[PDB]
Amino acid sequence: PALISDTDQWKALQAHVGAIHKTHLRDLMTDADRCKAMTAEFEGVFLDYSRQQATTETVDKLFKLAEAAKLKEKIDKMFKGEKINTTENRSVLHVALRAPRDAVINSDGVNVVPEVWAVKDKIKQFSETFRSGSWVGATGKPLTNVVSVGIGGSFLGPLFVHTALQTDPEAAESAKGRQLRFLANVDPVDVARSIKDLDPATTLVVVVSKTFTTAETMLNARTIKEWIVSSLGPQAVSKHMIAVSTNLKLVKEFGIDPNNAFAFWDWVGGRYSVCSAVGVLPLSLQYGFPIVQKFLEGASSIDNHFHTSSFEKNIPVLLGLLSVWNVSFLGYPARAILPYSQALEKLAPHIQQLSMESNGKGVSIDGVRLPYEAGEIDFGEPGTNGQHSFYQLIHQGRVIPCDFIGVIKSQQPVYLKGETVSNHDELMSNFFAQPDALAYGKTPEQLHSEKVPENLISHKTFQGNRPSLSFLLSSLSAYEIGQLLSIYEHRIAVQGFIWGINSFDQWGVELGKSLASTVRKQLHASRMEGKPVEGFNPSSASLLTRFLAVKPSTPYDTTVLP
């Protein structure tokens, strides 16, 4: 009912902002008790948020907001499989994808776990038949190269986990001599990329789309399918392509054997689908189902933590509340995902979808237009790369609250005899310094104390008091990757719950699809039928006229591949 911004709690936090404005992190970060309070910890995951612009009172005030917004009830309702995605009338149960074989989670009156495990075991059997060479090509060779075709939550989530497992010793071993490539873009350049240095006879294709109607994926699906027939023949399709989708009737009609189709469900959000067959199938072909099952158990471990742990100890809850604090009360429109791991390189792009597609919303879940903005702009690059890209602005331009992620045990440790510190230790020294640099700044007195020329002190000042939080992880293997993923899936839902919006819908994408089909029809009529450009505004008409002024080089209606 009531907009959260109307509640006394919400206004109580707005009064609190003026009090925090009177404080500076240079002083707050000497308080042992404050800084010890503003931590939390679960297994290999340590979270230090002492560098937020916050006191324990802020956190206490944030907790009564969470009660006033009924955060605990909303979390249980999700876990209980209630249809909280009200605008699509759907359950929201990514957690059921990693729930234990004995769990009971009902959607639409049926327990969905036994069917969740139905797919897992089918993927396991296929994965063993695949990796052991008994699944052969048309020229009889065993397949070693997998192209996953998909976009959005059918792409970014799996890419993230694949890039994180690539350099973990255990997984890397299990994936010896095997490739996993992702065809996402419809740009035919991406198509050329994903098939470069590849053999149709040795390549398996997996088509991932919750719908099997998505325009870019299905054209990719049809394009790569022809690459296979060009080189192997019309029957090769059955042994060289498989699919993951909610709608298997559409998979049958695409020409894929119905027993080579691995299902997931409409209560699996796209941007929450990596734990479903979307990611488990392709990751299991690369790293084997043992490695992937570890990733699931990690994710499952945070699901239990998020569902049952009190709010002072609850990492997803703390993260989401501090994010609302930064966004809606301190007014920070962006947020930086800065992990000190090249293995986590593809983490920010996935958080981008998960975060902005969930909470880039203008109305409450009941349809009331929000009087405030919800949904931060997420970006990042891994440290230390980002340090030499944009941290200049983070220190001296617009204030951007940061997520620092560091890992203790290196995946690929390096030391040279005589070096002051190991390579991984060099990396981590910035991980420990940057958040303190952001908190304390450097005063002009401190600069003039160091005989810095007066004309430069202005340019060398750091204001400090810029906020940050630090994850410190035990290691970065499949289990922990899954824990990281679960922590952000649940953090985004918490921001959405506090904001009182539908984190789990995506209507903002419908208009671009409509107009693109209107343009597509204009492009067919002009290319194939020579029909003028008609029905567009004068800018669009000129641009289309420029585009179509370049007539194709290919003989009419003739197939061309790279």
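All residue numbers refer to positions in the sequence shown, first residue = 1.
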For the higher mean C-alpha B factor in the entry, choose 401 to 409 or 67 to 75. 67 to 75
For 164 to 172 versus 247 to 255, entry-based mean Cα B-factors point to 247 to 255
Based on what the PDB entry reports, which of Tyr488, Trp117, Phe155, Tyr391 has the top C-alpha B-factor? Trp117
Taking the Cα B-factors listed in the entry, which of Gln483, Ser310, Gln396, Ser477 comes out highest? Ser310
If you rank every modelled residue in this chain by C-alpha B factor, which third holds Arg131: lowest, middle or highest? highest
Considering every modelled residue of the chain and its Cα B-factor in the PDB entry, is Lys210 in the lowest, middle or highest third? middle
Could you tell me which third, lowest, middle or highest, the C-alpha B-factor of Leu543 occupies within its chain? lowest
Would you check the entry's CA temperature factor for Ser514 and let me know if it's in the chain's lowest, middle or highest third? lowest
Going by what the PDB entry lists, where does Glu41 fall on CA B-factor within its chain: lowest, middle or highest third? lowest
